[PDB]
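The block underneath contains the structure these notes are about, expressed in structure tokens.
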Amino acid sequence: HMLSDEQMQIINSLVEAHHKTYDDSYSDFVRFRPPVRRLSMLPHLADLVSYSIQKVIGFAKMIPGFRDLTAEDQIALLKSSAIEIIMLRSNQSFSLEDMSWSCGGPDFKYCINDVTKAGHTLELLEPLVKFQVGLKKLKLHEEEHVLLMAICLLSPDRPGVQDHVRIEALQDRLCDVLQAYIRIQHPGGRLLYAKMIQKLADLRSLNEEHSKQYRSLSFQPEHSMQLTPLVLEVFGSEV
Amino acid sequence: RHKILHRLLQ
Ligand SMILES: C=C1/C(=C\C=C2/CCC[C@]3(C)[C@@H]([C@H](C)CCCC(C)(C)[N+](=O)[O-])CC[C@@H]23)C[C@@H](O)C[C@@H]1O
């Protein structure tokens, strides 16, 4: 039937947070180490991911209630979910006609091959690309896209979470907002909520394979040295 | 550890 002011407020907060941390001009990308097309794209993509991690952190800090988690819990959530949030938010540059992420310039058009030249295999890139395609076809409203990122960040079922109850309740509030939003505002969305929760499951699997391949990278110092300090901290295994 | 993350999280 309708949404409450508290719920509508959450949507507004999330949408603003995302506009504040996602720059459609991609003008900052020239400041990364340039793309080169053994492992020639690793410097450029490591910089891209490092920058994106800062952006996800800025997004998280503006999720209602995230700030009020303990610092361990905030780190716990971010360490396990960063690569997933990056995969979600990257859908906004993904194009179906190119099967690539198009970030303004032709030098910042990442086809699948570019990502192979940064150390990954089709065991990751193939599901990643089909994931982007299925997600792009959902034709998500901005509100739904940002709600999913928030919901994904605030999953209590991450290793290292201590205040399980608090985070779960937060995630409950967001799911309720999403499920309500879709009902009232998304014409023909009767099945959209379940399609989105499935993508959260898909992201867990992409996280797993990514962590596998990142391990192989980081165990070769001649490649890990190309990463950034932020990437090493976030994707690393410290507790 | 998590020196950068703490800082960025303020
Ligand atoms: C990052 C975004 C964008 C594109 C995202 C794509 C395009 C390139 C390939 C990427 C990075 C995948 C890579 C397997 C991650 C490898 C991470 C790295 C440290 C280098 N490593 O080797 O472990 C995940 C996501 C993919 C552009 C824009 O939408 C902003 C948004 O944040």
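Identifiers for the structure tokens are assigned positionally: chains receive A, B, ... in sequence, residues are indexed from 1 per chain, and ligands are indexed from 1 in the order shown.
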
Q) Can you tell me, as a PyMOL selection string, what residues are no more than 9 Å from region 113-116 of chain A when counting only C-alpha atoms, ignoring any on the same chain fewer than 2 positions away? A) chain A and resi 35-37+39-42+45+109-111+118-122+125

Residues of chain B within 8 Å of chain A: nearest atom pair and distance (Å, one decimal) for each, counting only C-alpha atoms, sorted by chain and number, as CSV?
residue,atom,partner,partner_atom,distance
B:1,CA,A:238,CA,7.2
B:2,CA,A:233,CA,6.1
B:4,CA,A:230,CA,6.6
B:5,CA,A:75,CA,7.0
B:6,CA,A:71,CA,7.4
B:8,CA,A:57,CA,7.4
B:9,CA,A:57,CA,7.1

Q | Residue nearest ligand 1 - candidates A:89, A:20, A:145, A:38, atoms counted: only C-alpha atoms and all ligand atoms | A |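 Among the listed residues, A:89 lies closest to ligand 1.
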
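What separates CA of residue 50 (chain A) from CA of residue 141 (chain A) is a distance of 26.7 Å.
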
Q: Point out the residue among A:70, A:46, A:33, A:12 with the least atom-to-atom distance to residue 163 (chain A), counting only C-alpha atoms.
A: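 For residue 163 (chain A), the nearest of the given residues is A:70.
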
**Q.** Distance criterion (only C-alpha atoms): nearest to residue 224 (chain A) out of A:198, A:83, A:138, A:43
**A.**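 Result for the nearest residue to residue 224 (chain A): A:43.
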
Q.
Let's see if you can do this: from backbone DSSP, list all helix (DSSP H, G or I) residues in region 43-153 of chain A, as a PyMOL selection string.
A. chain A and resi 43-61+66-68+71-93+112-116+122-137+142-153
